[PDB]
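*Asks:* Just passing along the structure, written as structure tokens.
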Amino acid sequence: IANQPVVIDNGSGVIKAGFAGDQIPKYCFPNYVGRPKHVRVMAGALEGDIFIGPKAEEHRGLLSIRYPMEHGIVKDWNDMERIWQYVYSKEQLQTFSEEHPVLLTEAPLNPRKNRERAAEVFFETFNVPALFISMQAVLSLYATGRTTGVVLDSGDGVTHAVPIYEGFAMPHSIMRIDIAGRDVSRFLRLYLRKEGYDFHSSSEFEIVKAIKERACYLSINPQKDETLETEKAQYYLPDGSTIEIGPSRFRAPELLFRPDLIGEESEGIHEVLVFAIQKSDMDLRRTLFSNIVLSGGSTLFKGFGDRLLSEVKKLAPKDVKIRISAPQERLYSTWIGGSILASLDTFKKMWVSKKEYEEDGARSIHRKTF
Amino acid sequence: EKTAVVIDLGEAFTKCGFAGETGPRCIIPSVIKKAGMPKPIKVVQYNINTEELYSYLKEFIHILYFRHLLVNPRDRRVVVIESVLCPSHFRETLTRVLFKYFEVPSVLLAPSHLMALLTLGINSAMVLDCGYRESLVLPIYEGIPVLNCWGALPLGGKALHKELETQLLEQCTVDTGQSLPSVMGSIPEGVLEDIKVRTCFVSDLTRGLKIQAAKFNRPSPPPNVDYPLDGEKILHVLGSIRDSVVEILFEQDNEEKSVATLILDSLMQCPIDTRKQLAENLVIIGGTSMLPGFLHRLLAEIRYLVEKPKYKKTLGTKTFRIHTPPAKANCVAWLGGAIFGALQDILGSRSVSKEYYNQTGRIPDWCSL
Amino acid sequence: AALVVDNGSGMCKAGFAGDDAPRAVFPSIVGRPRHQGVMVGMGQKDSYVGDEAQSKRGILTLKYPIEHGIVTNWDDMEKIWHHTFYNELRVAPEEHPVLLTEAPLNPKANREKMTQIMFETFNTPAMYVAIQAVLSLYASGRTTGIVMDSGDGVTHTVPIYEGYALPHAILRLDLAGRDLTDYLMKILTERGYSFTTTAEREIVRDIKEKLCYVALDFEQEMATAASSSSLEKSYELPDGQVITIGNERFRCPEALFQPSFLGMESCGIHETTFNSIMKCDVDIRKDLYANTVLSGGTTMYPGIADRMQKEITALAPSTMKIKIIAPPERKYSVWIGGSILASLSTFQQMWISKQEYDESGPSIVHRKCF
């Protein structure tokens, strides 16, 4: 049974789906479940109360949103099952889970229990013939066409840097942080309390994400921007009222380079990129600096790459040719690589079949991934 | 030598007096009385013209120091107890009014939760300040406030006022001058504060659950008493209404949020070593906490939320003790600032002076550089 | 009269000469707090040291000054010495002489800088730097025997015969307790117990001290772990939360015997000791096999002496009688040796003096050491 396999690119902020051998994912929507605030008398079997995808984006004010995933690790499993069911249902894909093999994605160094429970869902609740879980860094390199290079990525959940050199992923050189787009949105909300424009609800939290996406820029010199007085630029809400953003727009993404403003110790994006290159062997470091790949949504800030160069120039050895490459489609880079990986003839060998899972179990899935 | 000034600004009320005295000298409300004006305007406001705010602050400070302090603050220091997350725009305006107009020797913009912790005399504590506008949480561990662990729902005094205005308008019973419901569209805030202080009886956990069950498909409705009002229009306010207004403060469903849940979310964000000391020392301050029979309903609701499966996997068994302060619940933040200012002429040096303000530009807020 | 100060990378141990055990025992940490613009109440210390940093762990950035037995930050090491002398011991360094310890095959500049700080800053009357293995052998009582010393900084071996150290047969090893603690912390993250910050580094260290033990046979222990759940113990944290791990008890200290897990590409502690003995002269191997001394905290795992006996016998010829000297007080063996060395009358003529340091400089220590 070798049908056209489905590529479900997972993620805490956004989830993407479609088919193998395609240019761009046709079906992209944010990964959350929406429930009405003023719920009905019964607290068990709800009816007409679940919205996933564009319905939930349309009706924000009614629904109390909640993300099932946190830092690339699902907390609420029933919500992720409903989202996966919505992906497969007639509202998005219009195909059965029984026909096609599956290509799932996960962040590196996650809990194995969640990976096993993910496989349990795909094999038993849905009746998948074959499943394969893969890394985000390996997929990004497939999309670009390269074999060598570091893959710095910054989604909504996880920021991690995995150095790979001519098809050799280094496990001990991996760096990982719990500082990402969701956290950047949380501190922009914190800073907009200091501006005056307070936000509280989960639907109202998505306004802070929209402000982050549109009106934020990373300064080269943060001390110089602080000494200067900001202009206080404006932004219109979906309601109508104007908001003077002020210094919160530039101080919000500074987080990713300075996590001391949190009150929780993290490496940061710039250190993780350097540390991943440093932890690898001596001869591989110069090739890893030359081939630096960006990915995820939190790399799309204005003057992000210019700052990420300047931090590398500060930390890295002097007189070395740095090159932070970045594709046009940075958000979709991981899905494109999965579609390319799925289209290749080797894909049949890598996956975990349903029969092999029934015989062995979780051990066979752990062996095939690494 | 010189007893410093203490101020604790806010939207509803303003605690003010001398440093060293056990409790403030007076507490005039935040509003001001203007000649040729229908209604009294509030002083503490956000998102509004700079020059207007500056004039409003001068007007409030002028009526304050004569009546409260009976002195020129030009002789000695000041402690302006701003609540943390009070807008930087508003702080800059306060800094301008204190230095440019009046010309004080020194000022201080210190946080409310850390000073409220100085009253208890312990270095580590989870703190909750239920004021007028917001109900802010902030855990402190060994002096330093843990900032990213926080929470503040729009669920303080102003939310209770809005709910009282809604529920009274839906079910109204005014006397003649009987029937005639919904004659007046709105009602004044000062009267509605006096109703909250006197009438509103806070329910228990079991009573609250019974009220929530009744709202979505009636037990213990009494007691009910009328409220007198001016112009010969007494209104027969009910007993089930005031209990229903108090209930929305602890309403969990469909937001996953309440006054009780906000402490648990703050505890969730905090690290593992810090966790147990914050749970042991849970301080409750602010205006809404002065309500009668509030601390039980909170502590019982806190415990009920810990028993739920979602918080068992992280928190589990925890000894939630509520160490109460010496002064009253509203006036804990002020007493801390009075302790901070009176005793230490040394810790007055760390605060910003007039010499430093003119050349530099502004008092340093918790920000970059 | 004289003070002994074993400057360990983990636990800094110190006390007086001619004593049973040290008085001052604490972790060599210097926790600096979360620097935010918000104020702090009723005063506090800018940089904590020792047990104070361990008590108030949740906030402070715990940075060790010594990394692999190498002092990285010297201002941090100077604060810990100051904390040892004035606060803990309650005695000035000007009156008492000071015995110090470093691991063998260390950088030559580190002794010179250590000695400069003692004479210039601290104004010591007399000082000495000894090898840790030489003191560990001297605490045990024997003149002859190899010492497999292993702390959190550095594992190393020093073969000695009839009071004659063999400096060229010494073999320093990069594997140590800190690398085992980091490995345990990673495999904890693999089974859904994520510990990122440096406050949790001490909790996983404390888990490593309690639960973990050396396996007699690794493949057998892996097979029994899959079958039964009796080996799976539970450890409660400082927080009321309690966690259970099955595989990770025996798997953590196995990294000593299989460095391939950590990604070091080095010899294991079992065969590093063998390779040290083979580098010695052929006539004096029997006595080194007989007196295979252990010392340090990384040799305090239950059943490590049994595993060393199995592996060394497997490496060596069948005719040899292998024997591991594993005392009850091997955790504090380096300091006990320094106390006995300080107590002897022969050591009074072996000290460096202030006048000799002023004549020569820092380079005099290399002559005095060995």
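Here, A, B, ... name the chains of the structure tokens in the order displayed, residue numbers run from 1 inside each chain, and ligands are numbered from 1 in the same displayed order.
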Taking 3 positions as the minimum chain separation for residues in the same chain, which residues sit within 12 Å of residue 143 of chain C when counting only C-alpha atoms? Answer as a PyMOL selection string.
*Replies:* chain C and resi 133-140+146-147+159-165+287-288+291+293+337
*Asks:* Identify every residue of chain B that has at least one atom within 8 Å of any atom of chain C, counting only C-alpha atoms, and report the result as a count of residues only.
*Replies:* 27
*Asks:* Mind dumping a table of every chain B residue within 9 Å of chain A, with the nearest atom pair and its distance in Å to one decimal, using only C-alpha atoms, sorted by chain and rising number, as CSV?
*Replies:*
residue,atom,partner,partner_atom,distance
B:46,CA,A:196,CA,6.4
B:47,CA,A:196,CA,6.6
B:84,CA,A:194,CA,8.7
B:85,CA,A:194,CA,5.1
B:86,CA,A:194,CA,6.1
B:87,CA,A:194,CA,4.4
B:88,CA,A:194,CA,6.0
B:89,CA,A:195,CA,7.2
B:146,CA,A:263,CA,6.5
B:147,CA,A:263,CA,6.3
B:148,CA,A:262,CA,5.4
B:149,CA,A:263,CA,8.3
B:152,CA,A:200,CA,7.7
B:153,CA,A:200,CA,6.2
B:154,CA,A:200,CA,7.4
B:213,CA,A:41,CA,8.4
B:215,CA,A:41,CA,8.7
B:216,CA,A:41,CA,4.9
B:217,CA,A:41,CA,6.2
B:253,CA,A:37,CA,7.3
B:254,CA,A:37,CA,4.1
B:255,CA,A:64,CA,6.2
B:256,CA,A:64,CA,8.8
B:271,CA,A:264,CA,8.6
B:366,CA,A:261,CA,8.9
B:367,CA,A:261,CA,7.9
B:368,CA,A:226,CA,6.6
B:369,CA,A:223,CA,5.5
*Asks:* Restricting the output to C-alpha atoms, write the selected residues as a tab-separated table (two decimals), in the first residue's frame.
*Replies:*
chain	number	residue	atom	x	y	z
B	46	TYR	CA	-3.66	56.49	31.66
B	47	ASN	CA	-3.48	57.21	27.89
B	84	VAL	CA	4.73	47.74	39.45
B	85	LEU	CA	3.46	47.89	35.83
B	86	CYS	CA	2.12	51.44	36.45
B	87	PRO	CA	2.70	53.06	33.01
B	88	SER	CA	6.14	54.63	32.36
B	89	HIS	CA	4.31	57.63	30.84
B	146	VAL	CA	10.55	37.28	40.32
B	147	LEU	CA	9.21	39.32	37.40
B	148	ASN	CA	8.30	36.91	34.54
B	149	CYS	CA	6.28	34.87	37.05
B	152	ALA	CA	-3.16	40.36	36.50
B	153	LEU	CA	-6.79	39.87	35.44
B	154	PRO	CA	-9.13	42.87	35.02
B	213	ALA	CA	-24.88	25.13	39.63
B	215	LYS	CA	-26.90	29.71	37.18
B	216	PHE	CA	-26.69	26.80	34.70
B	217	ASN	CA	-29.70	24.58	35.52
B	253	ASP	CA	-15.22	28.43	33.54
B	254	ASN	CA	-14.56	29.43	29.91
B	255	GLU	CA	-11.62	31.74	30.75
B	256	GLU	CA	-9.64	29.23	32.91
B	271	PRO	CA	11.31	27.63	39.57
B	366	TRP	CA	13.09	48.30	34.79
B	367	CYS	CA	13.96	48.31	31.07
B	368	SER	CA	17.00	48.03	28.74
B	369	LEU	CA	20.28	49.85	29.59
*Asks:* With distances taken over only C-alpha atoms, which residue among A:270, A:302, A:249, A:113 lies nearest chain C?
*Replies:*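 Answer, going by the shortest atom-to-atom distance: A:113.
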*Asks:* Under the rule that only C-alpha atoms are counted, which of A:350, A:73, A:309, A:131 is the nearest residue to chain C?
*Replies:*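 Answer, going by the shortest atom-to-atom distance: A:73.
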*Asks:* Which value, in Å to one decimal, gives the distance between atom CA of residue 169 of chain A and atom CA of residue 136 of chain A?
*Replies:*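 Taking atom CA of residue 169 of chain A and atom CA of residue 136 of chain A, their separation equals 11.7 Å.
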*Asks:* Specify as a ChimeraX atom specification all residues of chain C found within 9 Å of chain A, counting only C-alpha atoms.
*Replies:* /C:34-36,59,61,186,188-194,196-198,262-263
*Asks:* Next, write the just-selected residues to a file, as an mmCIF file, in the first residue's frame, keeping C-alpha atoms as the atom set.
*Replies:*
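result_17.cif, freshly written:
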data_model
loop_
_atom_site.group_PDB
_atom_site.id
_atom_site.type_symbol
_atom_site.label_atom_id
_atom_site.label_comp_id
_atom_site.auth_asym_id
_atom_site.auth_seq_id
_atom_site.Cartn_x
_atom_site.Cartn_y
_atom_site.Cartn_z
ATOM 1 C CA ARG C 34 18.985 38.305 38.362
ATOM 2 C CA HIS C 35 19.999 41.908 37.558
ATOM 3 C CA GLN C 36 16.742 43.739 36.788
ATOM 4 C CA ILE C 59 17.302 32.953 41.652
ATOM 5 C CA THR C 61 23.183 32.131 38.371
ATOM 6 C CA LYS C 186 19.995 15.014 29.385
ATOM 7 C CA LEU C 188 16.101 12.903 32.336
ATOM 8 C CA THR C 189 14.902 15.311 29.603
ATOM 9 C CA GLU C 190 14.465 12.261 27.308
ATOM 10 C CA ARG C 191 11.848 10.803 29.733
ATOM 11 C CA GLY C 192 9.924 14.061 30.366
ATOM 12 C CA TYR C 193 11.816 15.646 33.285
ATOM 13 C CA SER C 194 13.327 18.781 31.738
ATOM 14 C CA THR C 196 17.534 23.610 31.842
ATOM 15 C CA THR C 197 18.547 26.261 34.414
ATOM 16 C CA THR C 198 21.564 26.062 36.762
ATOM 17 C CA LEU C 262 29.073 11.398 26.232
ATOM 18 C CA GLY C 263 30.853 11.774 22.855
#
*Asks:* Please identify all polymer residues within 10 Å of residue 238 of chain B, counting only C-alpha atoms, omitting same-chain residues fewer than 4 positions from it, and present them as a ChimeraX atom specification.
*Replies:* /B:168,171-173,199,221-227,242-243
*Asks:* With DSSP run on the backbone, what are the helix (DSSP H, G or I) residues within segment 93-284 of chain A? I'd like them as a PyMOL selection string.
*Replies:* chain A and resi 112-125+136-144+181-195+202-214+222-227+248-251+253-256+259-261+269-279+282-284
*Asks:* Take the residues that were just selected and, keeping C-alpha atoms, output them as a PDB file, in the first residue's frame.
*Replies:*
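Contents of out.pdb, as written:
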ATOM      1  CA  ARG A 112      10.246  10.133  24.292  1.00  0.00           C
ATOM      2  CA  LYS A 113       6.900   9.515  26.074  1.00  0.00           C
ATOM      3  CA  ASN A 114       5.221  12.178  23.889  1.00  0.00           C
ATOM      4  CA  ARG A 115       6.777  10.639  20.737  1.00  0.00           C
ATOM      5  CA  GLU A 116       5.402   7.197  21.727  1.00  0.00           C
ATOM      6  CA  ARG A 117       1.955   8.647  22.516  1.00  0.00           C
ATOM      7  CA  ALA A 118       2.057  10.494  19.149  1.00  0.00           C
ATOM      8  CA  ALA A 119       2.744   7.166  17.389  1.00  0.00           C
ATOM      9  CA  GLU A 120      -0.042   5.456  19.407  1.00  0.00           C
ATOM     10  CA  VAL A 121      -2.540   8.082  18.159  1.00  0.00           C
ATOM     11  CA  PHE A 122      -1.521   7.753  14.480  1.00  0.00           C
ATOM     12  CA  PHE A 123      -1.427   3.901  14.490  1.00  0.00           C
ATOM     13  CA  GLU A 124      -4.549   3.036  16.581  1.00  0.00           C
ATOM     14  CA  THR A 125      -7.130   5.895  16.633  1.00  0.00           C
ATOM     15  CA  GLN A 136      13.267  20.152  11.589  1.00  0.00           C
ATOM     16  CA  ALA A 137      16.949  20.847  10.772  1.00  0.00           C
ATOM     17  CA  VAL A 138      17.297  17.897   8.357  1.00  0.00           C
ATOM     18  CA  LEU A 139      14.111  18.962   6.501  1.00  0.00           C
ATOM     19  CA  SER A 140      15.294  22.596   6.127  1.00  0.00           C
ATOM     20  CA  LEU A 141      18.513  21.383   4.435  1.00  0.00           C
ATOM     21  CA  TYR A 142      16.442  19.183   2.059  1.00  0.00           C
ATOM     22  CA  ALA A 143      14.389  22.270   1.087  1.00  0.00           C
ATOM     23  CA  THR A 144      17.473  24.434   0.390  1.00  0.00           C
ATOM     24  CA  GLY A 181       7.806  33.331  19.501  1.00  0.00           C
ATOM     25  CA  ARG A 182       5.232  32.492  22.197  1.00  0.00           C
ATOM     26  CA  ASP A 183       7.497  33.861  24.932  1.00  0.00           C
ATOM     27  CA  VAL A 184       8.280  36.982  22.815  1.00  0.00           C
ATOM     28  CA  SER A 185       4.495  37.527  22.549  1.00  0.00           C
ATOM     29  CA  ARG A 186       4.111  37.068  26.344  1.00  0.00           C
ATOM     30  CA  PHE A 187       6.710  39.794  27.091  1.00  0.00           C
ATOM     31  CA  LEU A 188       5.233  42.143  24.459  1.00  0.00           C
ATOM     32  CA  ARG A 189       1.949  41.774  26.421  1.00  0.00           C
ATOM     33  CA  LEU A 190       3.903  42.464  29.652  1.00  0.00           C
ATOM     34  CA  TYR A 191       5.452  45.579  28.066  1.00  0.00           C
ATOM     35  CA  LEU A 192       2.078  46.831  26.710  1.00  0.00           C
ATOM     36  CA  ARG A 193       0.872  46.817  30.355  1.00  0.00           C
ATOM     37  CA  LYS A 194       3.760  49.276  30.977  1.00  0.00           C
ATOM     38  CA  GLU A 195       2.624  51.267  27.909  1.00  0.00           C
ATOM     39  CA  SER A 202      -6.712  34.229  25.143  1.00  0.00           C
ATOM     40  CA  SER A 203      -8.493  35.636  22.066  1.00  0.00           C
ATOM     41  CA  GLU A 204      -7.083  39.033  23.109  1.00  0.00           C
ATOM     42  CA  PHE A 205      -3.594  37.415  23.296  1.00  0.00           C
ATOM     43  CA  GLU A 206      -3.694  36.974  19.478  1.00  0.00           C
ATOM     44  CA  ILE A 207      -3.772  40.794  19.080  1.00  0.00           C
ATOM     45  CA  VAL A 208      -0.335  40.854  20.793  1.00  0.00           C
ATOM     46  CA  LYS A 209       0.935  38.241  18.286  1.00  0.00           C
ATOM     47  CA  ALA A 210      -0.426  40.395  15.415  1.00  0.00           C
ATOM     48  CA  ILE A 211       1.383  43.474  16.824  1.00  0.00           C
ATOM     49  CA  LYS A 212       4.585  41.384  17.129  1.00  0.00           C
ATOM     50  CA  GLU A 213       4.317  40.126  13.522  1.00  0.00           C
ATOM     51  CA  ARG A 214       3.658  43.604  12.067  1.00  0.00           C
ATOM     52  CA  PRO A 222      20.304  48.379  22.186  1.00  0.00           C
ATOM     53  CA  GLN A 223      22.121  50.822  24.525  1.00  0.00           C
ATOM     54  CA  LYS A 224      22.074  53.521  21.804  1.00  0.00           C
ATOM     55  CA  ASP A 225      18.315  53.075  21.172  1.00  0.00           C
ATOM     56  CA  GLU A 226      17.646  53.364  24.939  1.00  0.00           C
ATOM     57  CA  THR A 227      19.613  56.631  25.310  1.00  0.00           C
ATOM     58  CA  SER A 248       7.891  48.112  23.582  1.00  0.00           C
ATOM     59  CA  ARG A 249       8.195  47.278  19.837  1.00  0.00           C
ATOM     60  CA  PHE A 250      12.039  47.236  19.905  1.00  0.00           C
ATOM     61  CA  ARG A 251      12.451  45.947  23.504  1.00  0.00           C
ATOM     62  CA  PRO A 253      12.348  40.938  20.403  1.00  0.00           C
ATOM     63  CA  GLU A 254      15.551  41.893  22.343  1.00  0.00           C
ATOM     64  CA  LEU A 255      14.453  38.962  24.549  1.00  0.00           C
ATOM     65  CA  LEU A 256      15.802  36.430  22.040  1.00  0.00           C
ATOM     66  CA  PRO A 259      16.925  36.479  28.120  1.00  0.00           C
ATOM     67  CA  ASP A 260      18.093  38.198  31.373  1.00  0.00           C
ATOM     68  CA  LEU A 261      14.992  40.452  31.034  1.00  0.00           C
ATOM     69  CA  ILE A 269      19.678  32.733  19.845  1.00  0.00           C
ATOM     70  CA  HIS A 270      23.171  34.179  19.243  1.00  0.00           C
ATOM     71  CA  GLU A 271      24.952  32.030  21.875  1.00  0.00           C
ATOM     72  CA  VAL A 272      23.161  28.802  20.804  1.00  0.00           C
ATOM     73  CA  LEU A 273      24.377  29.358  17.207  1.00  0.00           C
ATOM     74  CA  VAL A 274      27.983  29.934  18.396  1.00  0.00           C
ATOM     75  CA  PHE A 275      27.869  27.151  21.053  1.00  0.00           C
ATOM     76  CA  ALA A 276      26.583  24.566  18.533  1.00  0.00           C
ATOM     77  CA  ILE A 277      29.505  25.442  16.212  1.00  0.00           C
ATOM     78  CA  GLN A 278      32.015  25.444  19.130  1.00  0.00           C
ATOM     79  CA  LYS A 279      30.878  22.078  20.598  1.00  0.00           C
ATOM     80  CA  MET A 282      37.819  21.801  15.263  1.00  0.00           C
ATOM     81  CA  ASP A 283      37.992  21.171  11.492  1.00  0.00           C
ATOM     82  CA  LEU A 284      34.186  21.456  11.013  1.00  0.00           C
TER      83      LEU A 284
END
*Asks:* Report the distance between atom CA of residue 101 of chain A and atom CA of residue 6 of chain A in Å, rounded to one decimal place.
*Replies:*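 Separation of atom CA of residue 101 of chain A and atom CA of residue 6 of chain A: 6.2 Å.
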*Asks:* Residues within 7 Å of residue 147 of chain A, please, as a VMD selection string. Count only C-alpha atoms; anything in the same chain fewer than 4 positions from it doesn't count.
*Replies:* chain A and resid 141 165 to 167
*Asks:* Write the residues you've just listed into a file as an mmCIF file, in the first residue's frame, and include N, CA, C and O atoms for each of them.
*Replies:*
data_model
loop_
_atom_site.group_PDB
_atom_site.id
_atom_site.type_symbol
_atom_site.label_atom_id
_atom_site.label_comp_id
_atom_site.auth_asym_id
_atom_site.auth_seq_id
_atom_site.Cartn_x
_atom_site.Cartn_y
_atom_site.Cartn_z
ATOM 1 N N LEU A 141 17.404 21.633 5.366
ATOM 2 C CA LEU A 141 18.513 21.383 4.435
ATOM 3 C C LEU A 141 18.060 20.686 3.145
ATOM 4 O O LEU A 141 18.619 20.952 2.077
ATOM 5 N N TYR A 165 26.952 18.185 8.766
ATOM 6 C CA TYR A 165 28.068 18.308 7.818
ATOM 7 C C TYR A 165 28.139 17.108 6.860
ATOM 8 O O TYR A 165 28.646 16.044 7.222
ATOM 9 N N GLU A 166 27.622 17.306 5.646
ATOM 10 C CA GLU A 166 27.627 16.308 4.565
ATOM 11 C C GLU A 166 26.849 15.046 4.946
ATOM 12 O O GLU A 166 27.315 13.921 4.750
ATOM 13 N N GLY A 167 25.651 15.261 5.487
ATOM 14 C CA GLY A 167 24.790 14.182 5.954
ATOM 15 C C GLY A 167 25.320 13.487 7.195
ATOM 16 O O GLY A 167 25.412 12.261 7.224
#
*Asks:* Quick one: pick out all strand (DSSP E) residues within segment 58-241 of chain B from a backbone DSSP run and write them as a compact mmCIF listing (two decimals) with N, CA, C and O atoms, in the first residue's frame.
*Replies:*
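Below you can see part_1.txt, which holds the result:
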# COMPACT_ATOMS: atom_id res chain seq x y z
N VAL B 78 10.89 61.96 49.81
CA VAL B 78 9.55 61.45 49.45
C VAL B 78 9.66 60.00 48.98
O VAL B 78 10.67 59.62 48.37
N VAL B 79 8.62 59.21 49.26
CA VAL B 79 8.53 57.81 48.81
C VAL B 79 7.20 57.62 48.06
O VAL B 79 6.15 57.42 48.69
N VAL B 80 7.25 57.68 46.73
CA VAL B 80 6.07 57.51 45.88
C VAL B 80 5.89 56.02 45.56
O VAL B 80 6.58 55.47 44.70
N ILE B 81 4.95 55.38 46.26
CA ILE B 81 4.73 53.94 46.13
C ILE B 81 3.87 53.68 44.88
O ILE B 81 2.64 53.59 44.96
N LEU B 109 10.52 55.76 43.23
CA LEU B 109 9.48 54.97 42.58
C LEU B 109 9.77 53.48 42.77
O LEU B 109 10.26 52.80 41.86
N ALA B 110 9.46 52.99 43.97
CA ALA B 110 9.69 51.60 44.37
C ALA B 110 8.40 50.78 44.24
O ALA B 110 7.31 51.36 44.29
N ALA B 125 8.16 35.58 49.72
CA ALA B 125 6.69 35.52 49.79
C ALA B 125 6.01 35.63 48.42
O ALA B 125 6.45 36.40 47.56
N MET B 126 4.95 34.85 48.23
CA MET B 126 3.98 35.06 47.15
C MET B 126 3.05 36.18 47.61
O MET B 126 2.56 36.14 48.74
N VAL B 127 2.81 37.17 46.74
CA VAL B 127 2.00 38.35 47.10
C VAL B 127 0.87 38.56 46.08
O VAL B 127 1.07 38.36 44.88
N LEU B 128 -0.29 38.97 46.58
CA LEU B 128 -1.46 39.30 45.75
C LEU B 128 -2.02 40.66 46.20
O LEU B 128 -2.38 40.82 47.37
N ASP B 129 -2.10 41.60 45.26
CA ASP B 129 -2.63 42.94 45.51
C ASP B 129 -3.90 43.18 44.68
O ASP B 129 -3.81 43.48 43.49
N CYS B 130 -5.05 43.03 45.33
CA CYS B 130 -6.35 43.23 44.68
C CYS B 130 -6.82 44.68 44.85
O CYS B 130 -7.52 45.02 45.82
N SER B 135 -6.04 43.08 39.62
CA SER B 135 -5.69 42.21 40.74
C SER B 135 -4.35 41.54 40.45
O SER B 135 -4.30 40.42 39.92
N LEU B 136 -3.27 42.23 40.81
CA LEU B 136 -1.90 41.86 40.38
C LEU B 136 -1.23 40.87 41.34
O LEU B 136 -1.28 41.04 42.56
N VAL B 137 -0.61 39.83 40.77
CA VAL B 137 0.22 38.86 41.51
C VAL B 137 1.69 39.10 41.17
O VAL B 137 2.03 39.45 40.04
N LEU B 138 2.56 38.90 42.17
CA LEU B 138 4.02 39.00 41.98
C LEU B 138 4.75 38.28 43.13
O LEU B 138 4.72 38.76 44.26
N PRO B 139 5.41 37.13 42.84
CA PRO B 139 6.17 36.45 43.88
C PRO B 139 7.55 37.06 44.10
O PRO B 139 8.23 37.40 43.13
N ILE B 140 7.93 37.20 45.37
CA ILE B 140 9.25 37.69 45.76
C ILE B 140 9.97 36.53 46.43
O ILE B 140 9.39 35.84 47.28
N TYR B 141 11.23 36.30 46.06
CA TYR B 141 12.06 35.27 46.70
C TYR B 141 13.40 35.88 47.13
O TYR B 141 14.19 36.29 46.28
N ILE B 144 14.49 39.81 45.95
CA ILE B 144 14.31 40.11 44.53
C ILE B 144 12.91 39.67 44.08
O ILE B 144 12.52 38.53 44.34
N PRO B 145 12.15 40.56 43.40
CA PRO B 145 10.87 40.15 42.84
C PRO B 145 11.06 39.33 41.56
O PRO B 145 11.75 39.79 40.64
N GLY B 151 0.86 37.72 37.03
CA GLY B 151 -0.50 37.64 36.50
C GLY B 151 -1.35 38.79 37.00
O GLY B 151 -1.19 39.25 38.13
N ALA B 152 -2.26 39.26 36.15
CA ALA B 152 -3.16 40.36 36.50
C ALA B 152 -4.40 40.37 35.61
O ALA B 152 -4.35 40.84 34.46
N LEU B 153 -5.51 39.86 36.14
CA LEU B 153 -6.79 39.87 35.44
C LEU B 153 -7.48 41.21 35.71
O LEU B 153 -7.26 41.82 36.76
*Asks:* Write out as a list in words the residues lying within 6 Å of residue 159 of chain A, counting only C-alpha atoms and excluding same-chain residues fewer than 3 positions away.
*Replies:* residues 153, 154, 177 and 180 of chain A
*Asks:* Using only C-alpha atoms, which protein or nucleic acid residues come within 10 Å of residue 42 of chain B? Drop anything in the same chain fewer than 4 positions from it, and give the result as a list in words.
*Replies:*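 My list of contacting residues is residues 10, 11, 12, 29, 30, 31, 32, 33, 56 and 60 of chain B.
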*Asks:* Find the spatial neighbours of segment 51-57 of chain A, counting only C-alpha atoms, within a cut-off of 12 Å - ignore same-chain residues fewer than 6 positions away - and output them as a ChimeraX atom specification.
*Replies:* /A:14-17,27-36,63-67,79-87,89,91-92,203-204,206-207
*Asks:* Here is a test: counting only C-alpha atoms, which residue of B:330, B:288, B:252, B:119 is nearest to residue 197 of chain B?
*Replies:*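 Selected residue with least distance to residue 197 of chain B: B:288.
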